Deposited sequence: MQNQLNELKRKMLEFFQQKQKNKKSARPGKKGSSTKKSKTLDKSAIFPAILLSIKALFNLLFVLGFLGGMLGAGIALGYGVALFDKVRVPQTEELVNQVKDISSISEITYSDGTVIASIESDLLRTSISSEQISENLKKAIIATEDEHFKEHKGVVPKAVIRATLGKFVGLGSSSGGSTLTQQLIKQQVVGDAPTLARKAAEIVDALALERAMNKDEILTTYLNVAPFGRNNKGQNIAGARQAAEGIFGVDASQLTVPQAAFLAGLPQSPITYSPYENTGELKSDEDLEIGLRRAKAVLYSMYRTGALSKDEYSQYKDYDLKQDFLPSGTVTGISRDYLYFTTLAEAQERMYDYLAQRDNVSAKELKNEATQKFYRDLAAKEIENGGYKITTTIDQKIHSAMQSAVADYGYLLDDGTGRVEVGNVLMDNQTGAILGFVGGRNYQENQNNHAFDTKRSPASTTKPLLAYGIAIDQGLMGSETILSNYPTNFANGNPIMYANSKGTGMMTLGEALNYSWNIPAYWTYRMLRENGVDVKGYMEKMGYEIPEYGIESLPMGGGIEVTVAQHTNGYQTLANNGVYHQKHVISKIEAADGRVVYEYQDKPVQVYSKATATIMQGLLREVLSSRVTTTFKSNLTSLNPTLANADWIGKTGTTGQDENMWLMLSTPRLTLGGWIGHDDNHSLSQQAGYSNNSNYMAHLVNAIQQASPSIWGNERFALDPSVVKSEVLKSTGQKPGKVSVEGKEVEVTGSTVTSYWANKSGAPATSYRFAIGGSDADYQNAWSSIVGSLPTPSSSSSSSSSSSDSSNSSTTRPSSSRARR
C-alpha cells in the first residue's frame, strides 16, 4: 500500500487538491526513476509510445507499489488554508461571477511548499490554480524583471528618478495607468507604490539598450519566457506563470537573492527504504544580497503605502501582532482586470496569491485592491493560528554590501554642475540617502538624470528644478 505523507509522516492517503497534486508529482518522479532503472535512452524516451508506456508504468507502480512519498506539506497549515478558502473564499466574489483563487505558501530558506490553495472547491471545479494554471503575473513582474535587475546591474538605486511622462509603445499606443497617460518624474518608491507603468517600461528598455542578460536572471529562477523583447514584460505581457513558480521568484527576493527550487515532494522511498527520488538543494545567488535587501525595503513600502492593496489594513484588524511582522509585497491590481495578484513575504515565508476567472473574463477594478487583500489577510491569519511562529518576527535588513549615496531628491544623483539651456548650472537642494548595489553608488547629476524621458520631458523637469534653486 503506497502512502502520500505530510512532511511529519502523518499519511494523507493510500493510493482533494493535495492528493492529486502529490500523486501527479510523484508519478513524474517515478517516470524518471523507472526510465533510468530500465536503461531507456534520451533517444528512446523521445518515442511517444515508449513515453506513454512509462507514464502508465509509473502510475501503476505508485498505485500498486507500497512507496512512501514524503511531502513538504505542513498538515496543520495546509488544513488551515483549506478551511480559510472554504470559510472566506466568498470574500473574493466581486460581482463578476464566481472568482477562482490559487495560493502557495513557501519556506524562503528551502523552497519547500508548506501548503496551498488549489481553488474555491475541488468538488465543484477541479482546476488546480496553484500548480497547473498559467496566468499573466501582471505588475508583479516589475520587481523581478525590471527594477531588481536594474539595481543589480548598478543602473539605479532606491531613490533613482524615473520618467512617468506620457510615452507610446512601439505600435504607437499610449502607455496607460488606468485612465492616466502619465505625470512627470518620480522616485522608484513612488513608481513601485503606485505600480506606474511608464517607469517600468523605461527600466526594461534601458536593460534591452544595455544588452543585459535578463533571460539569465529569469531562467535561474525557473521562469520560461518566449520573447524577451516584449516592451510590456514588466507589466506581465508575454509571460504566463503558475502561482507556485511565481511564488518562487518572490522567495528569491525574500531570501536575500538566493533561489531555492520550489518543491512539494522531498523524497520517495520503496517499502524497503530504497530511495527512488530525493530533492537536491541547488541554491543560486540570482540577485546580489545588496539588490535583494534594497528591493525588500521598497516592497515593504508597497504594502505600508496601501496605494494598491488594503492588505495591511485588513491584517492589522484581524491580527495586529502578525501585522507588525516584517511584511513586504507587490500587487498586480492596477494594470489589467483579468488577473489580480498579491505576493507577500516575511523573512521566513512567501505567500503567492492569484485570483481570476478560468475563462479570463474581467474582474472588478477593485477585486485585487480590496477583495483579494482581505481574503489573503484571512489566509495569513489562518496560517498563523495553525502555526503561531511560522511567519517569524525577524526583520528584513539592508546587507552591509549596500552602498549609501547622498543624492538630490530632485535628480536621484549627487549634487554638481549640469548644462541647462546652454549654461552650466550648480544643482543643489534637498538630499536623501539612496541605496545602491554597485561599488561606487550614485553618479554625479547629469542632464538626463532619470530613467527614460524625451528631450521635451527633460526641458519640463529642468525648468522646475532650476526654478527651485
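Counting from residue 1 of the deposited sequence, the stretches lacking C-alpha coordinates in this chain are 1-104, 120-336, 791-821.
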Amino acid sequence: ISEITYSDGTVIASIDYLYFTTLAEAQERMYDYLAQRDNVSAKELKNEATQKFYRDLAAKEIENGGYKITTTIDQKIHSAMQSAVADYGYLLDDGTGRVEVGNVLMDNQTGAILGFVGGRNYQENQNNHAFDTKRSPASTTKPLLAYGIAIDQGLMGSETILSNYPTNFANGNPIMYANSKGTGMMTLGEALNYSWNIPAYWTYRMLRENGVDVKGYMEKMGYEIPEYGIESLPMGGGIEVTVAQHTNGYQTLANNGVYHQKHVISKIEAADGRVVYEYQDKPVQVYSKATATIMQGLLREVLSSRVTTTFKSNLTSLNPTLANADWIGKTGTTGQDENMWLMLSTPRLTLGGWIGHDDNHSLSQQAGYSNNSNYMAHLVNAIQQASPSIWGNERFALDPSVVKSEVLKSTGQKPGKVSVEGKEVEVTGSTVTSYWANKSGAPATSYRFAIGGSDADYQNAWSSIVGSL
From here on, numbers count along this sequence of modelled residues.
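By rigid core we mean the largest C-alpha set that fits within 1.5 Å across both forms.
Core-fitted comparison in 4 other deposited structures of this protein shows that, between 39-47 and 401-409, the CA atoms farther from the shown form belong to 39-47. The rigid core fit leaves 329-337 as the farther-lying stretch in 4 other deposited structures of this protein, judged by Cα positions and set against 329-337 and 124-132. The PDB entry records a higher mean C-alpha B factor for 270-278 than for its counterpart among 75-83 and 270-278. Taking the mean C-alpha B-factor of each stretch as recorded, 433-441 and 38-46 are not equal, and the higher mean is that of 38-46.
Ranked against the other modelled residues of its chain, the C-alpha B-factor of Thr187 as given in the entry falls in the middle third. Looking at the C-alpha B-factors along this chain, the one for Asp337 belongs to the highest third. Looking at the C-alpha B-factors along this chain, the one for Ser317 belongs to the lowest third. Looking at the C-alpha B-factors along this chain, the one for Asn168 belongs to the middle third. Annotation for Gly95: C-alpha temperature factor in the middle third relative to the rest of the modelled chain, per the entry.
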